[PDB]
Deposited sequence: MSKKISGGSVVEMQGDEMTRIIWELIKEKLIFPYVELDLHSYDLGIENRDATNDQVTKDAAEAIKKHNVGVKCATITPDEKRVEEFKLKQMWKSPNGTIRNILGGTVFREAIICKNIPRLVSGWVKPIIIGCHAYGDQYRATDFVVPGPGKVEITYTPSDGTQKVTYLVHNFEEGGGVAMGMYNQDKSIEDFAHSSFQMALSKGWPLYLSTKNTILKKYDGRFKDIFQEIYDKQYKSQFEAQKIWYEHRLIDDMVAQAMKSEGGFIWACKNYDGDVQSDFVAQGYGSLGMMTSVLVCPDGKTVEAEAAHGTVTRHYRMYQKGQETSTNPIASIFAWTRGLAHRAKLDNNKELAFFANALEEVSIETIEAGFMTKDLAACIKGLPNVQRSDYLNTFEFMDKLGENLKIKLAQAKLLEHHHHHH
């Protein structure tokens, strides 16, 4: 018979990822695992029909049942409103979920022997927890004074800081904020991730410029480390250090990998997603939202719905979309369920499906993006890769063989 998997919250998504999602469930999960599935459909049409209520219901479900696996969803813009005749420009499902849950998004690239990484010297994995949104910006119509003030709730002295005197013309201005509690949750999630994985932890800031804003992140991380985690770290022969972002980038590129990287960047900096997308590895980038309690987890692929591949599908073209990131959303959620429920058999399945994914690619069977990452797109021939369905069939066949042994 199949494995008892327990309580898992699933969120169905949109376009090309929605197709891969069902393929993953039908071919890789349901043949081997029964789940008490709390399933919510976050397709753009069902969100429109429930006035986004389904999205909020799903977040509440994740918080109740501790484990969510999410499929990529369409975040509406002006064009999606026209495309789907939406009632209004619904806010992002990911923003809504993360707002309800809190926690820290951790990004990790999946490593295969035969896929070169962004930096050749990296050997062990690297996990990036970046705190990035909720700011208020406006236009400065003309000359004038922009000030940012603080008014204590307890009636003590109101304080006023000068942002800028606009002596000539106008421009733009904005205010931004962060709560100590959010920094603290950021801190705790990161230390617990380091001890979980057994890697050292680095925090990168620009506290030479934002001495007070970024300095708060450094101070809070350091207090929490010293009082609540240093001993456990040293027990596992790991460590925590703050690093200027200027130095961290240099340190990372000369490193052998094997660390957690808590990162605090501004709202418009380059994100590891964009680079992975440029390098052609975004189909291998996993994501997991880890709440500060260590109990609740929402796993997802780091990429979006892969609209461009979906349009190819709608035009009768052959597609070769990478399903690994979405598969690891399932394996990380299920592996966490196994940890919570002490399910040895479900833990075995989660690891076994991860190994089959990696072994398959390392044996030479891969989607087009992985072949281009090896050889460069210009030299990629059809015989170098498998299409979306050929590759899912291949994973399925190897998973059945894997599990047929024990």
- Query: Got a list of the deposited-sequence ranges with no coordinates?
  - Reply: 1 to 2, 135 to 138, 413 to 422
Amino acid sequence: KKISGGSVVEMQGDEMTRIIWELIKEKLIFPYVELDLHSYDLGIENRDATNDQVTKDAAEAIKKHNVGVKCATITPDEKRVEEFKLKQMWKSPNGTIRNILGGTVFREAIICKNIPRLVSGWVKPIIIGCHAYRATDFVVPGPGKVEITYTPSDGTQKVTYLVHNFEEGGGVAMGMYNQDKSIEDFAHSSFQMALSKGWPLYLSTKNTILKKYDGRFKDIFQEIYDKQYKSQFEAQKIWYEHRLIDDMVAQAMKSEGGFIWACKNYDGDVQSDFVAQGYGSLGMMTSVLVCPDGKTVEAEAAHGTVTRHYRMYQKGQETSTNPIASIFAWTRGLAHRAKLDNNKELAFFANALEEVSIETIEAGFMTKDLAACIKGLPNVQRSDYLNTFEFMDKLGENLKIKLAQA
From here on, numbers count along this sequence of modelled residues.
- 372 to 380 versus 44 to 52: which one carries the higher mean Cα B factor per the record? 372 to 380
- Query: Do the CA atoms of 134 to 142 or those of 299 to 307 have the higher mean B-factor in the entry?
  - Reply: 134 to 142
- Could you say which of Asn265, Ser153, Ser281, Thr331 has its CA atom at the highest B factor, as listed in the PDB entry? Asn265
- Largest Cα B-factor, entry values, listed residues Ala72, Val123, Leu203, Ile183: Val123
- Against its chain's modelled residues, does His336's Cα B factor rank lowest, middle or highest third? lowest
- Which third, lowest, middle or highest, does the CA B-factor of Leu195 fall in along this chain? highest
- Taking the chain's C-alpha temperature factors as the reference, tell me which third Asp214 falls into: lowest, middle or highest. lowest
- Message: Based on the deposited C-alpha B factors for this chain, I'd like to know if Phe233 is in the lowest, middle or highest third.
- Response: highest
- Task: Would you please rank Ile3 by its C-alpha temperature factor against the other modelled residues of its chain and give the third it falls in: lowest, middle or highest?
- Result: middle
